[PDB]
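Here's the structure we're looking at; comments come further down.
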Amino acid sequence: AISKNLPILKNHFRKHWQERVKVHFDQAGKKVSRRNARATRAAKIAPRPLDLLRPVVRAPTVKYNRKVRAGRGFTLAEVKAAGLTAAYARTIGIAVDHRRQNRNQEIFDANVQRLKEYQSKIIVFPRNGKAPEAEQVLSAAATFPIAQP
Amino acid sequence: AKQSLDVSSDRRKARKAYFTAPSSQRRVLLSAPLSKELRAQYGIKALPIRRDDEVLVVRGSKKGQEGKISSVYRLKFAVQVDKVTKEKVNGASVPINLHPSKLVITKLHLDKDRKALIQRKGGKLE
Amino acid sequence: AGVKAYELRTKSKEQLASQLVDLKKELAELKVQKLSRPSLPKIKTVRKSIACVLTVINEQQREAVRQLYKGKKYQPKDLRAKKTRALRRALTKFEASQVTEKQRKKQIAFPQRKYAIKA
Amino acid sequence: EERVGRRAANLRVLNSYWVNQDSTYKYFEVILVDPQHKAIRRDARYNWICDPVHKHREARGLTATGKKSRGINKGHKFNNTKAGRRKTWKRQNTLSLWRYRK
Amino acid sequence: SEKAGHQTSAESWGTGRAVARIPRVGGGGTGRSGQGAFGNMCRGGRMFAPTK
Amino acid sequence: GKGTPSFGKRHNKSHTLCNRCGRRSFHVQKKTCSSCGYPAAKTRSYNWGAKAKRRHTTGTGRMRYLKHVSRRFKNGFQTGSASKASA
Amino acid sequence: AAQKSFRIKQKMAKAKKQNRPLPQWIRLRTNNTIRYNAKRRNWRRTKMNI
RNA sequence: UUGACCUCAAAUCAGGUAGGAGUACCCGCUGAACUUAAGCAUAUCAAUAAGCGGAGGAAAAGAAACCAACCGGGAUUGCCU
RNA sequence: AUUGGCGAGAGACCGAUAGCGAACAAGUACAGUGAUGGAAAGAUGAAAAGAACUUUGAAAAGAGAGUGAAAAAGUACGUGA
RNA sequence: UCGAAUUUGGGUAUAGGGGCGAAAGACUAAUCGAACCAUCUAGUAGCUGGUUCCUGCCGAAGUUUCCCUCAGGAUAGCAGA
RNA sequence: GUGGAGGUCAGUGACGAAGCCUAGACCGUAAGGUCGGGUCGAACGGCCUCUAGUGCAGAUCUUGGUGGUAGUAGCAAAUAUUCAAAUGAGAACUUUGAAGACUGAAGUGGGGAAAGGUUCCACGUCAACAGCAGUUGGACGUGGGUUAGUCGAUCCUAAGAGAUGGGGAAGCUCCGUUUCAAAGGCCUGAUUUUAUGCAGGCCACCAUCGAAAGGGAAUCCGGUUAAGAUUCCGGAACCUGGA
RNA sequence: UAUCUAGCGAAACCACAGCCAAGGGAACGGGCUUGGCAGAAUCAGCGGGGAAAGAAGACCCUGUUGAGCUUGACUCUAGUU
RNA sequence: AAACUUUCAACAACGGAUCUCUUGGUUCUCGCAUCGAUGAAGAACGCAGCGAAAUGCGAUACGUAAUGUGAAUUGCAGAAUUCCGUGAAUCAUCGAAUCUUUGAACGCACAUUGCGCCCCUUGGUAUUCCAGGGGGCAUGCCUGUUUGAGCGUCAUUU
């Protein structure tokens, strides 16, 4: 039980773990199915970029505050400063977040210039009349990469 | 190769589908090639076999023997032909079972569904 | 061969029921000839010929019930569509497409827009 | 709600609330709906409960008493029971092994 | 299969019956009755170290 | 006298036919079926009886109605008839 | 039992009609695996058990 | 006397609906013991097996009475950590 | 998420004491009062062409003949320790 | 022993830590100081038995100390690589 | 060395692969490999490497099979058989007759209950079974047989079981059977289907199951079949319900 | 009955089998050693031997194996106050 | 010397291993959601010319209708210009039906093919009785209808 100069190995297998082994043989199968789900999603909602536009937010805690990342959605103040209704921003592919608040100017400035670039780069198809021949850019995240400040 | 994923290259599933095929599936499994003159006359290569077709046996021990079909025996995947039999020891004449892929059809039994099958496969009906 | 349903459907109720009574009579006479003969496969033809007739009798009577109850609420449960119990308890297409006036105002004023990035 | 939902198996238990108590009994007025009544199947504010997943919701813990008693709340106080204590127990006791082992 | 060799309710007879201590199928009158099971050495039992 | 002389008095019937599962399992004095739980509403079945579930599950019998639901779902539970008369 | 129920008599009538050997033309059919009646029951060998 | 209202009935009233099966997965309740601790009682097994109730193609959860202490993030779920 | 159902495709899997209990009229025969327990049993040949007929024997069957490439394939049937 | 604390049929009731016992721990379906069936369960065992091809080379220990330890372990020693 | 995999020998093979047998050879210290002969009939090897459910003499091992014992023990309770004829290939056993016997009316008889299920009876038949035998059979194969107003069940209640109402229980379900229940089932008259009313009015009743031996409407005689009889037929009755 | 014959026809057991004396040896050998001896195949008995067979000794001991029962052993607990 | 005992070979037996196959299993992946009071799963019993199972089915009973293919099924018999056809088949498909007795089982009951009741209709002189046929009769709960109950309570009416 305790033999030789060996480290104490805390192996947690005294339950009935063999009833609950999940082995991911479907890792290749799910990747094909996820790409097929993305392909049939883009076929459903063509020509929108299959994901909403996410803000450049600052990561919490002192370990990760040196790096910015993607937020859930823009704030109400950010969308209003860009000059569009938050309900209208939801319809044109901008994710908007109602609980995140604005207390940092350069994060606010980076997010509103992201919104200015998004409104300049997309067009809104008219409700009536012939929609223009517009190609679909499949990745809005690859269209707007997040740069460090 | 095998590109469409709906069809299988499993030997077991292919053999199961063959032996447990119903009579409608067995009709097209029991297809026979036409002769050289029937290929020149109708423009098709092979055709599912009927009960009134003049056939010629081109393989086996019955090679070089013509005949007319007596009964398409779809249960044994065989066809039984007239005047090509086996003389049993008690004087009887039992029909020799033949797979239609070893036979060559010399004359057709052209009904209107048979004729409509000819232009369905792309024939000219000469 | 026996009787066929396409020319059985050209008849009214009277001669069809008379032929049903008749076809039962050759069925019974074939059953008493079954006891003397060693084989009689003609009883299968009459048995299916009977079965053709009262299928047609049931089909004309049920279609008369459809024409009687046409275009009115509360069709009978045997005379309405038996899809699946869970589908019959489920909401219909109209009631599932119901929304309130508040969500209808939101959908009309702000519909899901069509947009594209020009790269 | 469980005993009422067994009595009215044709109705969906919406909610319940305390009305009275004594030494021996606690009294609860339990709100139920008719999911096959046309006033509930129409008027789409309330037609979510005739959806076939909401039947016998009081026997699964979907009502507010069940949501309390299952410990389903957001917080660090509810780490065992976030999406169900058995869902977390499966998630934390499965040995998830991959094709290329980590 | 993880139930292979274990869709069986064999119980050992113990000693005192002049047969080996292996689990044997109870009941009676079927040919399978009294037959050893639940072991790698037994016909119809599970393999040693079932492949996972 | 607990064996062969006592097997001659073994001539009553503790169990008779059940009207639900058809086994000789309906206890006469208890008025209940030991195998299917007749006349209670639930068919008696247990997860410790994995083989007992296997003997009486769906698919052991005819499936007079359930064998057509797979075909009826595959075509979409439609009504009516195929309309074209003949080729 | 000489005074039985109709259910018992109905079970006996099923078992009486079942108690017969294989028809000889079953052996003559193609790809036949059946050699004999394995469910054949005699009263001196196996009881029906009601 | 006659009309109500409130409550409680009844009807083979009109229209509906629930049961039961399956149960691999899911939502709860209930709930052990073998085992291990070289004994064994807390502990472990295990908030598991059995039992019971209830659904669906998923279920559950789900738009914070949250996490955090950061230049703060931002429904729920799942995976790597 | 999914060891059930339906359908499909695969395998450095097993190959008839193995693989599901069950390749076969398998939850079947059979056993137990009962809950329950629960087998064994695949392959002639390409095709029955499954041995017409003669003889001995009551018959089974044998010996000839004959079919078949082979009867050192005769349904007690691949090979046959 | 044989006219009743008799015998016996059928119906009925009592079910497992329970029943029933003119009391033997007797009987409870050939099972009884805790029935049978299935599951947890492939429970655990310092204890017994077995542990499947060849050749080459090297090659022991039954002793220190500790342990509810004395049929076993750990540690040091001997031994191989 | 075995099962399988990736290569390769443009490897071997119906002119015979794998298998199996071989007091027949060769090689290897050996594990084993190779060849020849016989059988066989459809796939299989060498080398490099990978992979494993990989090598058996033992586990009172598992499954299947076969021995010695061994043509052995045994086929020794129920007093007991013998002769002829017939059938038949064949008679200790079948059938009939003649004897002799036995059970000796709390019988080895005639009926039935529980139980069994077609064993009853006929015809054909003896591959297996009958502790020997078999022409026989409760066996095998094909058929035929069970007739009820009166016999029973059905109806009633016993000891009891068991729903409903209701009360517990997380529940499966448990109690309770008249309980803290609004528990109906018949009387009527407008005109012999007649009011779905005051009316020639009431027990305050409590579902239901429970006995083929208890309670109980009413059938006896004679004949009849290969096998049915209080059932069929002939005769003679009786009860219930109705008009 | 056993015995013999006709028919039918097992099992227990079985490393291999089967003559002893003495010696030694795990201290009571059928086999080893040294002697005696030893001639096919048998039948019926018989109970000296095969430490004959029938059961992983039931007596005893060990187990950090249980179980039944008991109590002013420990710790709890239904009930009741 | 033979018999017997032992060993080996050949051939024949017993037995079914090895080898070869494989309409089966196991595992993995993918796709879908689809039982039931409009009566489910399950059971019992019947149905084929000759079937005991398996499979299929339900007195329309190895099925009927509709559609498609187009000439079989087959072990034998029988039918088969039903065949240039609204047309065979143990065919496929399946959208209309039937669907015995049951079973959550639902009139009550059930170790009984028991005992009932209501409506319409036919027959026996028939509103009552006996039959035949058809259709019903469970419990809980919701909404509405109708009939009610309660000095619970209000107004009005001598």
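Order determines the names: the first chain of the structure tokens is A, the second B, and so forth; residues in each chain are numbered 1 upward, and ligands are numbered 1 upward as they are shown.
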For segment 64-79 of chain L, please output as a PyMOL selection string all residues within 10 Å (counting only C-alpha atoms (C1' of nucleotides); exclusion window: fewer than 6 positions along the same chain).
-> (chain H and resi 38-39+41) or (chain J and resi 25+33-34+44-46+68)
Residues from the last selection, N, CA and C atoms (P, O5', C5', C4', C3', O3' and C1' of nucleotides), saved as a PDB file, in the first residue's frame:
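As written to disk, result.pdb reads:
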```pdb
ATOM      1  P     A H  38      -5.958   1.959   9.270  1.00  0.00           P
ATOM      2  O5'   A H  38      -5.916   0.372   9.187  1.00  0.00           O
ATOM      3  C5'   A H  38      -5.074  -0.306   8.263  1.00  0.00           C
ATOM      4  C4'   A H  38      -5.869  -1.317   7.483  1.00  0.00           C
ATOM      5  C3'   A H  38      -6.754  -2.232   8.338  1.00  0.00           C
ATOM      6  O3'   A H  38      -8.044  -2.381   7.750  1.00  0.00           O
ATOM      7  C1'   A H  38      -5.375  -3.521   6.918  1.00  0.00           C
ATOM      8  P     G H  39      -9.357  -2.106   8.636  1.00  0.00           P
ATOM      9  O5'   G H  39      -9.196  -3.067   9.895  1.00  0.00           O
ATOM     10  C5'   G H  39      -9.738  -4.381   9.899  1.00  0.00           C
ATOM     11  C4'   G H  39     -10.327  -4.733  11.243  1.00  0.00           C
ATOM     12  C3'   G H  39     -11.655  -4.072  11.572  1.00  0.00           C
ATOM     13  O3'   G H  39     -12.762  -4.769  11.024  1.00  0.00           O
ATOM     14  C1'   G H  39     -10.176  -3.825  13.398  1.00  0.00           C
ATOM     15  P     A H  41     -18.364  -0.211  11.302  1.00  0.00           P
ATOM     16  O5'   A H  41     -18.758   1.060  12.173  1.00  0.00           O
ATOM     17  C5'   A H  41     -19.539   0.921  13.354  1.00  0.00           C
ATOM     18  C4'   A H  41     -19.775   2.252  14.018  1.00  0.00           C
ATOM     19  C3'   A H  41     -19.182   3.459  13.289  1.00  0.00           C
ATOM     20  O3'   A H  41     -20.084   4.560  13.354  1.00  0.00           O
ATOM     21  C1'   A H  41     -18.345   3.368  15.502  1.00  0.00           C
TER      22        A H  41
ATOM     23  P     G J  25     -34.769 -26.310  22.201  1.00  0.00           P
ATOM     24  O5'   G J  25     -34.841 -25.297  20.982  1.00  0.00           O
ATOM     25  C5'   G J  25     -33.952 -25.423  19.885  1.00  0.00           C
ATOM     26  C4'   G J  25     -34.586 -24.934  18.611  1.00  0.00           C
ATOM     27  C3'   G J  25     -33.620 -24.658  17.459  1.00  0.00           C
ATOM     28  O3'   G J  25     -33.262 -25.760  16.611  1.00  0.00           O
ATOM     29  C1'   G J  25     -34.925 -22.735  17.854  1.00  0.00           C
ATOM     30  P     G J  33     -32.714 -23.243  12.506  1.00  0.00           P
ATOM     31  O5'   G J  33     -32.288 -21.913  13.266  1.00  0.00           O
ATOM     32  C5'   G J  33     -32.578 -20.633  12.718  1.00  0.00           C
ATOM     33  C4'   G J  33     -31.635 -19.571  13.230  1.00  0.00           C
ATOM     34  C3'   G J  33     -30.206 -19.653  12.706  1.00  0.00           C
ATOM     35  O3'   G J  33     -29.683 -18.340  12.525  1.00  0.00           O
ATOM     36  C1'   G J  33     -30.212 -19.892  15.071  1.00  0.00           C
ATOM     37  P     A J  34     -29.033 -17.936  11.114  1.00  0.00           P
ATOM     38  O5'   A J  34     -30.256 -17.357  10.274  1.00  0.00           O
ATOM     39  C5'   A J  34     -31.041 -18.196   9.431  1.00  0.00           C
ATOM     40  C4'   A J  34     -32.317 -17.520   8.981  1.00  0.00           C
ATOM     41  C3'   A J  34     -32.137 -16.215   8.210  1.00  0.00           C
ATOM     42  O3'   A J  34     -33.123 -16.128   7.185  1.00  0.00           O
ATOM     43  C1'   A J  34     -33.455 -15.825  10.139  1.00  0.00           C
ATOM     44  P     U J  44     -14.391  -7.033  -3.991  1.00  0.00           P
ATOM     45  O5'   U J  44     -13.593  -7.307  -2.645  1.00  0.00           O
ATOM     46  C5'   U J  44     -13.425  -6.280  -1.684  1.00  0.00           C
ATOM     47  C4'   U J  44     -13.273  -6.853  -0.302  1.00  0.00           C
ATOM     48  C3'   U J  44     -12.198  -7.909  -0.142  1.00  0.00           C
ATOM     49  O3'   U J  44     -10.903  -7.355  -0.001  1.00  0.00           O
ATOM     50  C1'   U J  44     -14.193  -8.643   0.895  1.00  0.00           C
ATOM     51  P     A J  45      -9.661  -7.991  -0.793  1.00  0.00           P
ATOM     52  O5'   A J  45      -9.271  -9.260   0.081  1.00  0.00           O
ATOM     53  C5'   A J  45      -8.955  -9.114   1.456  1.00  0.00           C
ATOM     54  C4'   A J  45      -9.051 -10.427   2.189  1.00  0.00           C
ATOM     55  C3'   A J  45      -8.262 -11.580   1.599  1.00  0.00           C
ATOM     56  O3'   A J  45      -6.890 -11.535   1.949  1.00  0.00           O
ATOM     57  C1'   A J  45     -10.436 -12.311   2.178  1.00  0.00           C
ATOM     58  P     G J  46      -5.778 -11.169   0.850  1.00  0.00           P
ATOM     59  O5'   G J  46      -4.408 -11.572   1.551  1.00  0.00           O
ATOM     60  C5'   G J  46      -3.721 -10.621   2.352  1.00  0.00           C
ATOM     61  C4'   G J  46      -2.780 -11.243   3.355  1.00  0.00           C
ATOM     62  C3'   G J  46      -3.249 -12.548   3.984  1.00  0.00           C
ATOM     63  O3'   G J  46      -2.110 -13.311   4.390  1.00  0.00           O
ATOM     64  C1'   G J  46      -3.132 -10.877   5.646  1.00  0.00           C
ATOM     65  P     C J  68       0.522  -2.596  17.705  1.00  0.00           P
ATOM     66  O5'   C J  68       0.098  -3.981  17.043  1.00  0.00           O
ATOM     67  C5'   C J  68      -0.985  -4.058  16.129  1.00  0.00           C
ATOM     68  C4'   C J  68      -2.015  -5.071  16.564  1.00  0.00           C
ATOM     69  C3'   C J  68      -3.318  -5.090  15.765  1.00  0.00           C
ATOM     70  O3'   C J  68      -3.279  -5.994  14.666  1.00  0.00           O
ATOM     71  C1'   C J  68      -3.772  -5.042  18.115  1.00  0.00           C
TER      72        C J  68
END
```
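Interface residues on chain D toward chain I (cut-off 12 Å, only C-alpha atoms (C1' of nucleotides)): residues 87, 90, 91 and 94 of chain D.
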Given a cut-off of 10 Å, which residues of chain I touch chain B, counting only C-alpha atoms (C1' of nucleotides), written out as a PDB file with N, CA and C atoms (P, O5', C5', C4', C3', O3' and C1' of nucleotides), in the first residue's frame?
```pdb
ATOM      1  P     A I   8     -31.711   1.008 -42.853  1.00  0.00           P
ATOM      2  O5'   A I   8     -30.376   1.876 -42.932  1.00  0.00           O
ATOM      3  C5'   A I   8     -30.210   2.861 -43.939  1.00  0.00           C
ATOM      4  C4'   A I   8     -29.060   3.788 -43.637  1.00  0.00           C
ATOM      5  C3'   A I   8     -27.694   3.147 -43.550  1.00  0.00           C
ATOM      6  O3'   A I   8     -27.157   2.836 -44.814  1.00  0.00           O
ATOM      7  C1'   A I   8     -27.939   4.718 -41.810  1.00  0.00           C
ATOM      8  P     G I   9     -26.251   1.529 -44.977  1.00  0.00           P
ATOM      9  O5'   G I   9     -24.790   2.046 -44.609  1.00  0.00           O
ATOM     10  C5'   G I   9     -24.282   3.245 -45.172  1.00  0.00           C
ATOM     11  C4'   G I   9     -23.143   3.801 -44.357  1.00  0.00           C
ATOM     12  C3'   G I   9     -22.015   2.836 -44.061  1.00  0.00           C
ATOM     13  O3'   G I   9     -21.131   2.705 -45.158  1.00  0.00           O
ATOM     14  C1'   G I   9     -22.572   4.057 -42.103  1.00  0.00           C
ATOM     15  P     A I  10     -20.075   1.501 -45.207  1.00  0.00           P
ATOM     16  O5'   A I  10     -18.826   2.072 -44.411  1.00  0.00           O
ATOM     17  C5'   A I  10     -17.934   1.192 -43.760  1.00  0.00           C
ATOM     18  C4'   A I  10     -17.463   1.764 -42.452  1.00  0.00           C
ATOM     19  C3'   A I  10     -16.657   0.814 -41.594  1.00  0.00           C
ATOM     20  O3'   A I  10     -15.305   0.759 -42.009  1.00  0.00           O
ATOM     21  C1'   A I  10     -18.274   1.911 -40.262  1.00  0.00           C
ATOM     22  P     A I  46     -20.545 -27.175 -54.050  1.00  0.00           P
ATOM     23  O5'   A I  46     -21.154 -26.320 -55.246  1.00  0.00           O
ATOM     24  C5'   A I  46     -21.786 -25.065 -55.023  1.00  0.00           C
ATOM     25  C4'   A I  46     -22.783 -24.775 -56.115  1.00  0.00           C
ATOM     26  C3'   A I  46     -24.121 -25.485 -55.974  1.00  0.00           C
ATOM     27  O3'   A I  46     -25.045 -24.720 -55.221  1.00  0.00           O
ATOM     28  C1'   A I  46     -23.250 -25.848 -58.147  1.00  0.00           C
ATOM     29  P     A I  47     -26.106 -25.451 -54.273  1.00  0.00           P
ATOM     30  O5'   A I  47     -27.181 -26.054 -55.282  1.00  0.00           O
ATOM     31  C5'   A I  47     -28.004 -25.202 -56.068  1.00  0.00           C
ATOM     32  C4'   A I  47     -28.676 -25.961 -57.184  1.00  0.00           C
ATOM     33  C3'   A I  47     -29.511 -27.154 -56.750  1.00  0.00           C
ATOM     34  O3'   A I  47     -30.825 -26.772 -56.384  1.00  0.00           O
ATOM     35  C1'   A I  47     -28.063 -27.792 -58.516  1.00  0.00           C
ATOM     36  P     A I  49     -35.127 -33.169 -57.682  1.00  0.00           P
ATOM     37  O5'   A I  49     -34.200 -33.809 -58.808  1.00  0.00           O
ATOM     38  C5'   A I  49     -32.914 -33.264 -59.059  1.00  0.00           C
ATOM     39  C4'   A I  49     -31.932 -34.267 -59.610  1.00  0.00           C
ATOM     40  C3'   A I  49     -31.502 -35.406 -58.685  1.00  0.00           C
ATOM     41  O3'   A I  49     -32.410 -36.502 -58.690  1.00  0.00           O
ATOM     42  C1'   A I  49     -29.588 -34.373 -59.570  1.00  0.00           C
ATOM     43  P     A I  51     -34.325 -40.551 -53.157  1.00  0.00           P
ATOM     44  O5'   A I  51     -33.567 -41.776 -53.833  1.00  0.00           O
ATOM     45  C5'   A I  51     -33.367 -41.824 -55.238  1.00  0.00           C
ATOM     46  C4'   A I  51     -32.189 -42.693 -55.593  1.00  0.00           C
ATOM     47  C3'   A I  51     -32.229 -44.113 -55.052  1.00  0.00           C
ATOM     48  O3'   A I  51     -32.991 -44.983 -55.872  1.00  0.00           O
ATOM     49  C1'   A I  51     -30.106 -43.152 -54.628  1.00  0.00           C
ATOM     50  P     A I  52     -34.367 -45.615 -55.338  1.00  0.00           P
ATOM     51  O5'   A I  52     -35.261 -45.751 -56.650  1.00  0.00           O
ATOM     52  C5'   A I  52     -36.153 -44.715 -57.037  1.00  0.00           C
ATOM     53  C4'   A I  52     -36.506 -44.797 -58.503  1.00  0.00           C
ATOM     54  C3'   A I  52     -36.796 -46.187 -59.048  1.00  0.00           C
ATOM     55  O3'   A I  52     -38.113 -46.637 -58.772  1.00  0.00           O
ATOM     56  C1'   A I  52     -35.335 -45.053 -60.520  1.00  0.00           C
ATOM     57  P     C I  53     -38.362 -48.122 -58.205  1.00  0.00           P
ATOM     58  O5'   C I  53     -37.462 -49.063 -59.127  1.00  0.00           O
ATOM     59  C5'   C I  53     -37.905 -49.494 -60.408  1.00  0.00           C
ATOM     60  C4'   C I  53     -36.807 -50.210 -61.156  1.00  0.00           C
ATOM     61  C3'   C I  53     -36.367 -51.542 -60.566  1.00  0.00           C
ATOM     62  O3'   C I  53     -37.201 -52.621 -60.949  1.00  0.00           O
ATOM     63  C1'   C I  53     -34.458 -50.226 -61.045  1.00  0.00           C
ATOM     64  P     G I  66     -23.900 -48.098 -63.506  1.00  0.00           P
ATOM     65  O5'   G I  66     -24.790 -46.829 -63.139  1.00  0.00           O
ATOM     66  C5'   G I  66     -26.011 -46.573 -63.819  1.00  0.00           C
ATOM     67  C4'   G I  66     -26.870 -45.590 -63.063  1.00  0.00           C
ATOM     68  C3'   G I  66     -26.228 -44.249 -62.758  1.00  0.00           C
ATOM     69  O3'   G I  66     -26.263 -43.368 -63.865  1.00  0.00           O
ATOM     70  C1'   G I  66     -27.303 -45.068 -60.821  1.00  0.00           C
ATOM     71  P     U I  67     -25.082 -42.304 -64.086  1.00  0.00           P
ATOM     72  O5'   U I  67     -25.561 -41.037 -63.254  1.00  0.00           O
ATOM     73  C5'   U I  67     -26.887 -40.546 -63.375  1.00  0.00           C
ATOM     74  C4'   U I  67     -27.206 -39.578 -62.268  1.00  0.00           C
ATOM     75  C3'   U I  67     -26.144 -38.530 -62.005  1.00  0.00           C
ATOM     76  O3'   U I  67     -26.214 -37.445 -62.911  1.00  0.00           O
ATOM     77  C1'   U I  67     -26.876 -39.455 -59.953  1.00  0.00           C
TER      78        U I  67
END
```
Residues flagged helix (DSSP H, G or I) by DSSP in chain C, as a ChimeraX atom specification | /C:5-8,13-34,42-68,85-89,93-96,101-109
Nearest candidate to chain G (options B:112, B:107, B:76, B:120; using only C-alpha atoms) |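 Checking each candidate against chain G, we get B:76 as the closest.
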Quick one: everything within 12 Å of residue 31 of chain E, counting only C-alpha atoms (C1' of nucleotides), minus sequence neighbours fewer than 2 positions away in the same chain. Send it as JSON, numbers by chain.
-> {"E": [24, 25, 26, 27, 28, 29, 33, 34, 35, 36], "I": [29, 30, 31, 37, 38, 39, 40], "K": [63]}
Residues of chain H no more than 9 Å from chain A, counting only C-alpha atoms (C1' of nucleotides): send them over as number ranges by chain.
-> H: 36, 44-46, 48, 68-74
Please, could you write that set of residues out with C-alpha atoms (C1' of nucleotides) as a PDB file, in the first residue's frame?
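This is the output file selection.pdb:
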```
ATOM      1  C1'   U H  36     -12.076   0.966   2.459  1.00  0.00           C
ATOM      2  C1'   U H  44     -15.616   6.147   2.853  1.00  0.00           C
ATOM      3  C1'   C H  45     -18.576   3.643  -0.661  1.00  0.00           C
ATOM      4  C1'   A H  46     -22.384   7.840  -1.792  1.00  0.00           C
ATOM      5  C1'   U H  48     -24.556   5.999  -5.383  1.00  0.00           C
ATOM      6  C1'   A H  68     -15.274  40.007  -8.224  1.00  0.00           C
ATOM      7  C1'   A H  69     -11.686  43.686  -5.699  1.00  0.00           C
ATOM      8  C1'   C H  70      -9.717  44.252 -11.298  1.00  0.00           C
ATOM      9  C1'   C H  71      -7.724  49.507 -15.887  1.00  0.00           C
ATOM     10  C1'   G H  72     -13.316  45.275 -13.527  1.00  0.00           C
ATOM     11  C1'   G H  73     -16.327  41.512 -16.014  1.00  0.00           C
ATOM     12  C1'   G H  74     -21.524  40.227 -17.395  1.00  0.00           C
TER      13        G H  74
END
```
Running DSSP on the backbone, which parts of chain B land in strand (DSSP E or B), as a PyMOL selection string?
-> chain B and resi 31-34+46-48+54-57+65-73+78-87+93-98+103-107
Write out as a list in words every residue belonging to chain A that has an atom at most 12 Å from any atom of chain D, counting only C-alpha atoms.
->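 So the residues of chain A near chain D are residues 11, 12, 13, 14, 15, 16, 17, 18, 19, 20, 21, 22, 23, 24, 25, 26, 27, 28 and 29 of chain A.
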Which residues come within 10 Å of segment 21-31 of chain G, counting only C-alpha atoms (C1' of nucleotides), excluding same-chain residues fewer than 5 positions away, as a VMD selection string?
-> (chain B and resid 75 to 76) or (chain G and resid 36 to 41) or (chain K and resid 141) or (chain M and resid 50 to 53 74 to 76)
Suppose we keep C-alpha atoms (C1' of nucleotides); can you now write the selection as a PDB file, in the first residue's frame?
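This is the output file selection_24.pdb:
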```pdb
ATOM      1  CA  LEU B  75     -37.204 -17.378 -54.738  1.00  0.00           C
ATOM      2  CA  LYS B  76     -34.027 -19.253 -55.742  1.00  0.00           C
TER       3      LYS B  76
ATOM      4  CA  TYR G  36     -39.110 -31.662 -36.490  1.00  0.00           C
ATOM      5  CA  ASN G  37     -41.574 -30.125 -34.046  1.00  0.00           C
ATOM      6  CA  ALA G  38     -39.453 -28.984 -31.101  1.00  0.00           C
ATOM      7  CA  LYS G  39     -42.428 -27.440 -29.258  1.00  0.00           C
ATOM      8  CA  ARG G  40     -44.240 -30.791 -29.366  1.00  0.00           C
ATOM      9  CA  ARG G  41     -45.764 -31.614 -25.986  1.00  0.00           C
TER      10      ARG G  41
ATOM     11  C1'   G K 141     -49.708 -41.157 -37.115  1.00  0.00           C
TER      12        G K 141
ATOM     13  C1'   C M  50     -52.743 -29.038 -47.380  1.00  0.00           C
ATOM     14  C1'   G M  51     -49.085 -25.183 -41.010  1.00  0.00           C
ATOM     15  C1'   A M  52     -47.105 -27.167 -35.482  1.00  0.00           C
ATOM     16  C1'   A M  53     -44.017 -22.965 -34.795  1.00  0.00           C
ATOM     17  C1'   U M  74     -44.261 -22.194 -55.798  1.00  0.00           C
ATOM     18  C1'   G M  75     -42.973 -27.878 -51.549  1.00  0.00           C
ATOM     19  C1'   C M  76     -47.331 -30.030 -54.020  1.00  0.00           C
TER      20        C M  76
END
```
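You will find atom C1' of residue 45 of chain I at 22.1 Å from atom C1' of residue 23 of chain I.
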Write out as a PyMOL selection string every residue belonging to chain E that has an atom at most 7 Å from any atom of chain K, counting only C-alpha atoms (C1' of nucleotides).
-> chain E and resi 18-20+36+41-43
Identify every residue of chain K that has at least one atom within 12 Å of any atom of chain D, counting only C-alpha atoms (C1' of nucleotides), and report the result as an NGL selection string.
-> :K and (169-171)
Write out as a ChimeraX atom specification the residues lying within 12 Å of residue 9 of chain G, counting only C-alpha atoms (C1' of nucleotides) and excluding same-chain residues fewer than 3 positions away.
-> /G:1-6,12-16,50 /K:117-118,146 /M:45,113
